[PDB]
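J.: Submitted below is the structure of interest, expressed as structure tokens.
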Amino acid sequence: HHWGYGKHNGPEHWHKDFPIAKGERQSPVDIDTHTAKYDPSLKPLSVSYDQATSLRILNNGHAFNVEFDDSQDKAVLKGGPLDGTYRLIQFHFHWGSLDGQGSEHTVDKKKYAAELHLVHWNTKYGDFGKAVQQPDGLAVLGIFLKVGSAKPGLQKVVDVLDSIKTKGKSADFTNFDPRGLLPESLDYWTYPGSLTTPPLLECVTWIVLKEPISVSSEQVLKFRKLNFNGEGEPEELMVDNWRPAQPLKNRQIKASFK
Ligand SMILES: NS(=O)(=O)c1ccc(NC(=O)Nc2ccc(F)cc2)cc1
Ligand SMILES: [Zn+2]
């Protein structure tokens, strides 16, 4: 039927509806730290989220998205490998059923418990729908989560999850500050890639931070109580909503740090 993360509709099946799944710049990938090349030409990452306007949180049946007002330059990503200004439209996470898996990117084959994706689109293309049709249309900032101490800036997200348990549920989520989800360092790896879910469009400049954030076991346990299904349908826990690493093919991962 329609795509997902189960035995019968999971990542190994996606290529039948989305042939680009076997394309030349698919994501995620394994980041081989010893093979990534330090690029001294990479500019400092500029994360400008002080005027962010969060609107809503939505369970879309695959993950949950915290959506932002992207009709003005309010929360933007610039610099690093990017040319121009990319506006924040939403963030979401991928996570595991167990602490030993859940991230999409891996680092020297290591899987983290989850991965945060802050999705931005290039303002020169006018809107998000146009941007995903362009090779430099999106910039996604990826941040690994490990289980340890709680992340205080994540708790407001965790506490609203009871109100969006099932597919199609949304709730107001204003005045949330995404700066509270960032690690101390903005050192990153970067490569050209794709959306990690269908339609798997090859429109993403990936910027993956070296430094993970820590979240508590209670925080990630609350992610795993979410449902892929809609209300009134058979319950399937929303866990392991990650795509495994894809072949790097003709790409070099660049590092901003030595
Ligand atoms: N996991 S990821 O690469 O960050 C990502 C980000 C956004 C989407 N897709 C999305 O938000 N909307 C969308 C809808 C229709 C399209 F044709 C393309 C994107 C999928 C994966
Ligand atoms: Zn994602």
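In order, the residues displayed for chain A correspond to 3-260 in Swiss-Prot numbering, which applies throughout.
From the backbone N, Cα and C atoms, a Cβ is placed for every residue, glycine too.
So Swiss-Prot lists the following for this protein:
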| type | residues | note |
| --- | --- | --- |
| DOMAIN | 3-259 | domain 'Alpha-carbonic anhydrase' |
| SITE | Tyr7 | site 'Fine-tunes the proton-transfer properties of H-64' |
| SITE | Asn62 | site 'Fine-tunes the proton-transfer properties of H-64' |
| SITE | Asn67 | site 'Fine-tunes the proton-transfer properties of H-64' |
| BINDING | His94, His96, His119 | Zn(2+) binding site |
| MOD_RES | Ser165 | phosphoserine |
| MOD_RES | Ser172 | phosphoserine |
| BINDING | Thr198, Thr199 | substrate binding site |
J.: C-alpha of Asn67 (site 'Fine-tunes the proton-transfer properties of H-64') to C-alpha of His94 (Zn(2+) binding site): distance in Å?
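T.: On Cα coordinates alone, these residues lie 5 Å apart.
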J.: Of the binding-site residues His96, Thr198, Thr199, which one has its Cα closest to the Cα of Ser172 (phosphoserine)?
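T.: Going through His96, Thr198, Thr199 one by one, the Cα closest to that of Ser172 (phosphoserine) is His96.
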J.: So, three-state DSSP: helix, strand or coil for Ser165 (phosphoserine)?
T.: helix
J.: Taking only the Cα atoms, work out how far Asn62 (site 'Fine-tunes the proton-transfer properties of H-64') lies from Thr198 (substrate binding site), in Å, as a whole number.
T.: 15
J.: From the recorded positions listed here (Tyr7, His119, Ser165, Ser172, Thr198, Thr199), select those whose CB sits under 6 A from an atom of ligand 2.
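T.: If the test is a Cβ under 6 Å from any atom of ligand 2, the answer is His119, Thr198.
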J.: Which of these binding-site residues is closest to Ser165 (phosphoserine) if you go by CA atoms: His94, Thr198, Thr199?
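T.: Considering only the listed binding-site residues, the nearest one is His94.
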